[PDB]
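In the block that follows, a single chain appears as structure tokens, in the form deposited in one PDB entry.
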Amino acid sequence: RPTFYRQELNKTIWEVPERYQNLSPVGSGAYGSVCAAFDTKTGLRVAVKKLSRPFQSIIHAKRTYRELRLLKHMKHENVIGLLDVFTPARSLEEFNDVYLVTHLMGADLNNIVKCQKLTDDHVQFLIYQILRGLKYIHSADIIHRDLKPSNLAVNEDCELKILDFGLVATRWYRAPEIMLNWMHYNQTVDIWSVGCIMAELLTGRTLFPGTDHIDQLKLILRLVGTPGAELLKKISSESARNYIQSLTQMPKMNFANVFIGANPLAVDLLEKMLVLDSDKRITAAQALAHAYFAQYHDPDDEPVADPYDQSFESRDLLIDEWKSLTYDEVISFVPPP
């Protein structure tokens, strides 16, 4: 066991091994707080997240296990994984805190979109990396479900990693099949979000800035047109169909016109990503082979993930059970060294 030291930071207490130095708060970053630190072992900067109230309820306990399992499995240059996981607890009975550590990128995608609008070459590289990460995530039977600029960490080299897979409105980037309230979507839910991100990097504005779920659907349909016969026949929900079909029929707009002087290859990719019918939407793997990425695509360097056991997802267990399981995962952790 290494030696731990203690400090208060922004009302929050931090108990970490001495090898992590110079902790500086960087945010309240979802179900926890986050510090940038210096890892004396490697000489590299890291991000340390202290989970908030990890065993507060069955919901929190399952979430904590889910995150730790997910982060332990992700081993890909475009997805965050773990350099370290630790707890100051000496035993299971004293176990109430989890700390996770990963390479510090230092910003999200949004932290660059401000005051800037990107050239084609940078859009190609950023989206290529997103898709490269999604191919890997999707190959593990994981759907991100909340891809958005704030969930993409980006360093000064413009290298990118996807955050928070598996677990600035989310609404703005979410596929229409999940706006409508359908729980039989597929992995191309995430491809829609990529399309919204790409559009925004090219134009400099949020593609679908809706003020609620209904307005969001309305903004989406103004661009992509209202459901045709084929799609309408796949919708079970009477309320969903009745609503959609109670709207004034709207045609698909010309993407070449909406995205005027963008690379026409980018416009072609965008029209294959932002298709209403998710059965017809391009996959991450297919998108990687698209002509837009000819300068980046290498099919021998776009790997897939090892088998991911998500059987825990169907299980209804007690807090002490999720807690003990999380504990075992902390103790069995093997780093990249």
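A residue's number is simply how far along the shown sequence it sits, counting from 1. Here the rigid core means the biggest group of C-alpha atoms that line up within 1.5 Å when the two forms are laid on top of each other.
Coverage remark for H103: present in the model in all other entries compared whose chains are built on both sides, leaving no third without it. Where the other entries of this protein model the residues before and after it, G166 is dropped from at least a third of them.
The gap between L167 and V168 holds 10 or more unmodelled residues of the deposited sequence. The PDB entry records a higher mean C-alpha B factor for 306-314 than for its counterpart among 61-69 and 306-314.
Per-stretch averaging of Cα B factors for 107-115 and 141-149 places 107-115 on top. For the set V189, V101, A199, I244, the PDB entry puts the maximum C-alpha B factor at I244.
In the PDB entry, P54 places in the lowest third of its chain by CA B-factor. For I127, the recorded CA temperature factor ranks within the lowest third of the chain's modelled residues. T283 sits in the lowest third of its chain by CA B factor, as recorded in the PDB entry. Among the modelled residues of its chain, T203 has a C-alpha B-factor that falls in the middle third according to the deposited record. Ranked against the other modelled residues of its chain, the C-alpha B-factor of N22 as given in the entry falls in the middle third.
A second form of this protein, the form deposited in another entry, is not displayed here; the remarks below concern that form.
The only C-alpha among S139, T203, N96, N263 that moves by 2 Å or more between this form and the one not shown, given a superposition on the rigid core, is that of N96. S237 shows a C-alpha shift of 2 Å or greater between this form and the one not shown [criterion: core-superposed Cα displacement of 2 Å].
Core-superposed comparison between this form and the one not shown: the CA of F293 stays below a 2 Å shift.
In a rigid-core overlay of the protein, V304 has its C-alpha displaced by under 2 Å between this form and the one not shown.
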